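Written below as structure tokens is the structure these notes are about.
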Amino acid sequence: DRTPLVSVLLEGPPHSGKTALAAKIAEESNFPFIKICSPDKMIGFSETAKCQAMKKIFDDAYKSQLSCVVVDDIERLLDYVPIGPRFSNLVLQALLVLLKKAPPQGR
Amino acid sequence: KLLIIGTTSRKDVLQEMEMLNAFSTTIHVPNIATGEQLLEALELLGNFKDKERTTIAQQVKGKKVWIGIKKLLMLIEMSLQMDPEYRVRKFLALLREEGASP
Ligand SMILES: Nc1ncnc2c1ncn2[C@@H]1O[C@H](COP(=O)(O)OP(=O)(O)OP(=O)(O)O)[C@@H](O)[C@H]1O
């Protein structure tokens with residue numbers, strides 16, 4: 001009850017099957033609310049559209065009582081590339097903020 | 001079911017961008033690298049006849065080559081515009097000048 005918000009990161013080399021395991025864990029939770037925010041549903045979106053979609057999903061999660069959410073392929077969610085490097089600062093700031101926000105009491 | 005084929009000409013750049021991981025395999029397309037292959041190509045195209053082919057053979061059969069087919073067609077076309085008795089020499093000069101740099 002003292003820690004309403006919890007986070008965890010799955011790490012590994014490529015072609016290891018991280019997404020499958022994450023999905024399986026989420027399925028076994030049996031929580032009322034489950035959602036997956038994959039980058040392949042937002043092909044061609046600019047930065048603002050991505051921010052808004054993520055915000056909407058997280059609000060919907062906030063509405064319910066207890067929830068679990070999955071975020072996969074972070075390095076693709078914010079456009080990373082070794083040359084440069086280059087990426088979207090806006091999305092990084094959005095994620096850094098959202099990871100430290102607690103939902104309304106009792107949830 | 002879907003199949004995707006992709007073409008390129010600079011593998012290393014794609015390697016740096018971390019793109020070769022996406023593809024499932026790779027295939028290599030080579031150039032012409034021997035006198036026999038060049039002579040066979042000429043014969044198939046049939047631009048140069050027997051005596052000219054023999055002359056070209058004696059000139060080139062004892063060396064190595066580095067050229068692409070699409071460039072070979074253009075070289076032949078450029079050569080053909082000269083007079084009937086100068087074509088072979090100009091063709092050989094162009095082939096020499098192109099440079100190999102394997
Ligand atoms: N023991 C296992 N653990 C996880 N996935 C497994 C296992 N055995 C078979 N699979 C299957 O392997 C696939 C897992 O590949 P997946 O795309 O999830 O990996 P990935 O690390 O996300 O790949 P990429 O790094 O390219 O995004 C799925 O089809 C999954 O069902």
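All residue names refer to the structure tokens as shown: chains lettered A, B, ... in order, residues numbered from 1 in each chain, ligands numbered from 1 in order.
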Residues near residue B:94, cut-off 12 Å, only C-alpha atoms, skip fewer than 4 positions along chain, as an MDAnalysis selection string
chainID B and resid 67 71:72 74:79 87:90 98:100
How would you write, as a count of residues only, the set of residues in chain A that DSSP gives as strand (DSSP E)?
10
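Considering only C-alpha atoms and all ligand atoms, the residue among B:52, B:83, B:40, B:18 positioned nearest to ligand 1 is B:18.
Considering the residues A:69, A:95, A:1, A:13 and counting only C-alpha atoms, residue A:31 has its shortest atom-to-atom contact with A:69.
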Kindly provide the residues of chain B that approach chain A to within 10 Å, each paired with its closest atom pair and their distance in Å to one decimal, based on only C-alpha atoms, listed by chain and increasing number, as CSV.
residue,atom,partner,partner_atom,distance
B:16,CA,A:82,CA,7.5
B:17,CA,A:81,CA,6.4
B:18,CA,A:81,CA,7.9
B:21,CA,A:14,CA,8.8
Would you mind exporting C-alpha atoms of the selected residues as a CSV table (one decimal), in the first residue's frame?
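File written: result17.csv
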chain,number,residue,atom,x,y,z
B,16,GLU,CA,26.4,1.3,-39.4
B,17,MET,CA,22.8,2.2,-39.2
B,18,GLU,CA,22.0,-1.2,-37.6
B,21,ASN,CA,19.7,-7.2,-38.4
Can you check which parts of chain B lie within 12 Å of ligand 1? Per residue, the shortest pair of atoms and distance in Å to one decimal, counting only C-alpha atoms and all ligand atoms, sorted by chain and number, as a Markdown table.
| residue | atom | partner | partner_atom_place_in_ligand_line | distance |
| --- | --- | --- | --- | --- |
| B:18 | CA | ligand 1 | 26 (O) | 11.9 |
| B:19 | CA | ligand 1 | 26 (O) | 11.3 |
| B:20 | CA | ligand 1 | 26 (O) | 11.6 |
| B:21 | CA | ligand 1 | 26 (O) | 8.1 |
| B:22 | CA | ligand 1 | 26 (O) | 7.4 |
| B:23 | CA | ligand 1 | 26 (O) | 10.4 |
| B:24 | CA | ligand 1 | 26 (O) | 11.1 |
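The protein and nucleic acid residues lying at most 10 Å from residue A:40 are residues 37, 38, 42, 43, 44, 73, 76 and 77 of chain A, with only C-alpha atoms considered and sequence neighbours fewer than 2 positions away removed.
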Take the residues just selected and output them with C-alpha atoms as a CSV table (one decimal), in the first residue's frame.
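Once written, part09.csv looks like this:
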chain,number,residue,atom,x,y,z
A,37,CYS,CA,1.7,0.4,-26.4
A,38,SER,CA,3.7,-0.8,-29.4
A,42,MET,CA,1.9,4.8,-35.2
A,43,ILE,CA,3.9,4.5,-38.4
A,44,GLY,CA,4.7,8.0,-39.8
A,73,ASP,CA,11.0,-1.5,-28.1
A,76,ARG,CA,12.3,2.5,-31.5
A,77,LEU,CA,9.7,4.5,-29.7
